[PDB]
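Note sheet for the following structure.
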Amino acid sequence: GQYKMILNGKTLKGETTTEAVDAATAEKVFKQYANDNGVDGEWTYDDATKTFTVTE
């Protein structure tokens, strides 16, 4: 399924999507991406909208 991440960082903002077998897999992909791009924030996941957020 399609999962979305809203990036709400100090210096990186926007939206991305990933196709993943489940939310746990999307979480790993998105958290790795955030880490690789210097984001260090608080996370939420909404299963109704398949959307993660990370906020600094």
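Identifiers in the structure tokens: chain A, B, ... in order shown; residue index from 1 per chain; ligand index from 1 in order shown.
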Test item: residues at most 7 Å from residue 20 (chain A), only C-alpha atoms, excluding those fewer than 4 positions along its chain, as a list in words: residues 1, 2, 25 and 26 of chain A
Those residues you just picked out, can you put them in a file as a CSV table (one decimal), in the first residue's frame with N, CA and C atoms?
```
chain,number,residue,atom,x,y,z
A,1,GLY,N,0.8,-1.2,0.0
A,1,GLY,CA,0.0,0.0,0.0
A,1,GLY,C,0.9,1.2,0.0
A,2,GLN,N,0.2,2.4,-0.3
A,2,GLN,CA,0.9,3.7,-0.3
A,2,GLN,C,0.9,4.2,1.1
A,25,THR,N,6.9,-1.6,7.8
A,25,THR,CA,8.0,-1.5,6.8
A,25,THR,C,8.1,0.0,6.3
A,26,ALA,N,7.0,0.7,6.1
A,26,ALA,CA,7.1,2.1,5.7
A,26,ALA,C,7.8,2.9,6.8
```
Any idea what's packed within 8 Å of residue 39 (chain A), counting only C-alpha atoms, ignoring anything in its chain fewer than 6 positions away? Could you give it as a ChimeraX atom specification? /A:9,12,56
Take the selection from the previous step and output its residues with N, CA, C and O atoms, as a PDB file, in the first residue's frame.
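Output (result.pdb):
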```pdb
ATOM      1  N   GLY A   9      10.426  19.428   9.610  1.00  0.00           N
ATOM      2  CA  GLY A   9      11.673  19.730  10.246  1.00  0.00           C
ATOM      3  C   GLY A   9      11.977  21.195  10.254  1.00  0.00           C
ATOM      4  O   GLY A   9      11.308  22.008   9.630  1.00  0.00           O
ATOM      5  N   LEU A  12      14.023  20.928   6.754  1.00  0.00           N
ATOM      6  CA  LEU A  12      13.493  20.072   5.708  1.00  0.00           C
ATOM      7  C   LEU A  12      12.001  19.895   5.934  1.00  0.00           C
ATOM      8  O   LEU A  12      11.585  19.401   6.991  1.00  0.00           O
ATOM      9  N   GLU A  56      10.196  18.639  14.148  1.00  0.00           N
ATOM     10  CA  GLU A  56      11.250  19.200  14.988  1.00  0.00           C
ATOM     11  C   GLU A  56      10.804  20.487  15.685  1.00  0.00           C
ATOM     12  O   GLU A  56      10.009  21.264  15.133  1.00  0.00           O
TER      13      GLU A  56
END
```
Atom pair CA of residue 50 (chain A) + CA of residue 30 (chain A), distance 12.5 Å
Distance query residue 11 (chain A) at most 12 Å, only C-alpha atoms, self and fewer than 4 positions along chain excluded, as a PDB file with N, CA, C and O atoms, in the first residue's frame:
```pdb
ATOM      1  N   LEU A   7       7.135  15.664   6.396  1.00  0.00           N
ATOM      2  CA  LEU A   7       8.360  16.150   7.005  1.00  0.00           C
ATOM      3  C   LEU A   7       8.094  17.557   7.501  1.00  0.00           C
ATOM      4  O   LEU A   7       7.736  18.438   6.716  1.00  0.00           O
ATOM      5  N   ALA A  34      14.655  10.034   7.143  1.00  0.00           N
ATOM      6  CA  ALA A  34      14.756  11.184   8.038  1.00  0.00           C
ATOM      7  C   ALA A  34      16.129  11.238   8.678  1.00  0.00           C
ATOM      8  O   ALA A  34      16.747  12.301   8.741  1.00  0.00           O
ATOM      9  N   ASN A  37      18.827  12.425   6.393  1.00  0.00           N
ATOM     10  CA  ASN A  37      18.675  13.822   6.008  1.00  0.00           C
ATOM     11  C   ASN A  37      18.720  14.765   7.199  1.00  0.00           C
ATOM     12  O   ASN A  37      18.321  15.927   7.066  1.00  0.00           O
ATOM     13  N   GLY A  38      19.179  14.283   8.354  1.00  0.00           N
ATOM     14  CA  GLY A  38      19.474  15.133   9.489  1.00  0.00           C
ATOM     15  C   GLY A  38      18.291  15.553  10.321  1.00  0.00           C
ATOM     16  O   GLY A  38      18.391  16.523  11.075  1.00  0.00           O
ATOM     17  N   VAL A  39      17.174  14.848  10.223  1.00  0.00           N
ATOM     18  CA  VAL A  39      15.976  15.203  10.940  1.00  0.00           C
ATOM     19  C   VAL A  39      16.017  14.434  12.255  1.00  0.00           C
ATOM     20  O   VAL A  39      16.357  13.245  12.275  1.00  0.00           O
ATOM     21  N   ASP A  40      15.713  15.118  13.347  1.00  0.00           N
ATOM     22  CA  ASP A  40      15.704  14.527  14.692  1.00  0.00           C
ATOM     23  C   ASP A  40      14.460  15.090  15.375  1.00  0.00           C
ATOM     24  O   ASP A  40      14.515  16.166  15.982  1.00  0.00           O
ATOM     25  N   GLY A  41      13.349  14.375  15.252  1.00  0.00           N
ATOM     26  CA  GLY A  41      12.087  14.887  15.723  1.00  0.00           C
ATOM     27  C   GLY A  41      11.178  13.876  16.380  1.00  0.00           C
ATOM     28  O   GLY A  41      11.566  12.733  16.656  1.00  0.00           O
ATOM     29  N   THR A  55       8.304  15.833  13.329  1.00  0.00           N
ATOM     30  CA  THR A  55       8.284  17.251  13.645  1.00  0.00           C
ATOM     31  C   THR A  55       9.466  17.603  14.526  1.00  0.00           C
ATOM     32  O   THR A  55       9.673  16.977  15.564  1.00  0.00           O
ATOM     33  N   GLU A  56      10.196  18.639  14.148  1.00  0.00           N
ATOM     34  CA  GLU A  56      11.250  19.200  14.988  1.00  0.00           C
ATOM     35  C   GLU A  56      10.804  20.487  15.685  1.00  0.00           C
ATOM     36  O   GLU A  56      10.009  21.264  15.133  1.00  0.00           O
TER      37      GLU A  56
END
```
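For the atom pair formed by CA of residue 23 (chain A) and CA of residue 35 (chain A), the distance is 17.9 Å, given to one decimal.
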Identify all residues of chain A in helix (DSSP H, G or I) (DSSP on the backbone) and supply them as a ChimeraX atom specification. /A:23-36
Would you mind exporting the chosen residues as a compact mmCIF listing (two decimals), in the first residue's frame, restricted to N, CA and C atoms?
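Listed below is the output, part-v6.txt:
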```txt
# COMPACT_ATOMS: atom_id res chain seq x y z
N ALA A 23 2.65 -0.98 7.50
CA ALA A 23 3.09 0.26 8.15
C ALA A 23 4.45 0.11 8.81
N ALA A 24 4.76 -1.06 9.37
CA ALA A 24 6.04 -1.25 10.02
C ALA A 24 7.17 -1.12 9.02
N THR A 25 6.94 -1.61 7.81
CA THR A 25 7.97 -1.47 6.80
C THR A 25 8.10 -0.03 6.34
N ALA A 26 6.99 0.65 6.09
CA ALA A 26 7.06 2.07 5.75
C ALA A 26 7.79 2.85 6.83
N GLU A 27 7.52 2.54 8.10
CA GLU A 27 8.16 3.23 9.21
C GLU A 27 9.68 3.11 9.11
N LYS A 28 10.18 1.90 8.84
CA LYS A 28 11.61 1.73 8.74
C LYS A 28 12.18 2.56 7.60
N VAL A 29 11.51 2.59 6.45
CA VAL A 29 12.00 3.35 5.30
C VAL A 29 12.01 4.83 5.61
N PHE A 30 10.93 5.33 6.18
CA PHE A 30 10.82 6.76 6.43
C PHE A 30 11.78 7.20 7.52
N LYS A 31 11.89 6.42 8.61
CA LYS A 31 12.85 6.78 9.67
C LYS A 31 14.28 6.76 9.17
N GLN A 32 14.63 5.82 8.30
CA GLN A 32 15.97 5.84 7.72
C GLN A 32 16.18 7.09 6.88
N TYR A 33 15.19 7.46 6.07
CA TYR A 33 15.29 8.65 5.25
C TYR A 33 15.47 9.90 6.11
N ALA A 34 14.66 10.03 7.14
CA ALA A 34 14.76 11.18 8.04
C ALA A 34 16.13 11.24 8.68
N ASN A 35 16.62 10.09 9.15
CA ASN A 35 17.94 10.06 9.77
C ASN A 35 19.02 10.47 8.78
N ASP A 36 18.93 9.97 7.55
CA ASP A 36 19.94 10.27 6.55
C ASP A 36 19.92 11.72 6.14
```
Can you list, as a PyMOL selection string, all residues belonging to chain A that DSSP tags as strand (DSSP E)? chain A and resi 2-8+13-19+42-46+51-55
So that I have them on file, write out the residues from the current selection with C-alpha atoms, as a PDB file, in the first residue's frame.
```pdb
ATOM      1  CA  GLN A   2       0.924   3.653  -0.284  1.00  0.00           C
ATOM      2  CA  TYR A   3       2.140   5.356   2.870  1.00  0.00           C
ATOM      3  CA  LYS A   4       2.908   9.043   3.253  1.00  0.00           C
ATOM      4  CA  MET A   5       5.347  11.004   5.428  1.00  0.00           C
ATOM      5  CA  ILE A   6       4.959  14.662   6.284  1.00  0.00           C
ATOM      6  CA  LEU A   7       8.360  16.150   7.005  1.00  0.00           C
ATOM      7  CA  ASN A   8       8.049  19.050   9.406  1.00  0.00           C
ATOM      8  CA  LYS A  13       9.762  20.197   5.037  1.00  0.00           C
ATOM      9  CA  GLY A  14       7.383  18.551   2.632  1.00  0.00           C
ATOM     10  CA  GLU A  15       5.690  15.306   1.740  1.00  0.00           C
ATOM     11  CA  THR A  16       6.932  11.957   0.460  1.00  0.00           C
ATOM     12  CA  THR A  17       5.346   8.616  -0.312  1.00  0.00           C
ATOM     13  CA  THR A  18       6.525   5.015  -0.322  1.00  0.00           C
ATOM     14  CA  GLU A  19       4.931   1.743  -1.400  1.00  0.00           C
ATOM     15  CA  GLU A  42       8.908  13.474  17.216  1.00  0.00           C
ATOM     16  CA  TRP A  43       6.865  11.001  15.193  1.00  0.00           C
ATOM     17  CA  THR A  44       3.214  10.182  14.727  1.00  0.00           C
ATOM     18  CA  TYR A  45       1.439   7.553  12.614  1.00  0.00           C
ATOM     19  CA  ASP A  46      -2.263   7.657  11.629  1.00  0.00           C
ATOM     20  CA  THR A  51       0.377   8.976   7.167  1.00  0.00           C
ATOM     21  CA  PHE A  52       3.501   9.436   9.275  1.00  0.00           C
ATOM     22  CA  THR A  53       4.691  12.807  10.559  1.00  0.00           C
ATOM     23  CA  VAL A  54       8.053  13.905  11.924  1.00  0.00           C
ATOM     24  CA  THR A  55       8.284  17.251  13.645  1.00  0.00           C
TER      25      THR A  55
END
```
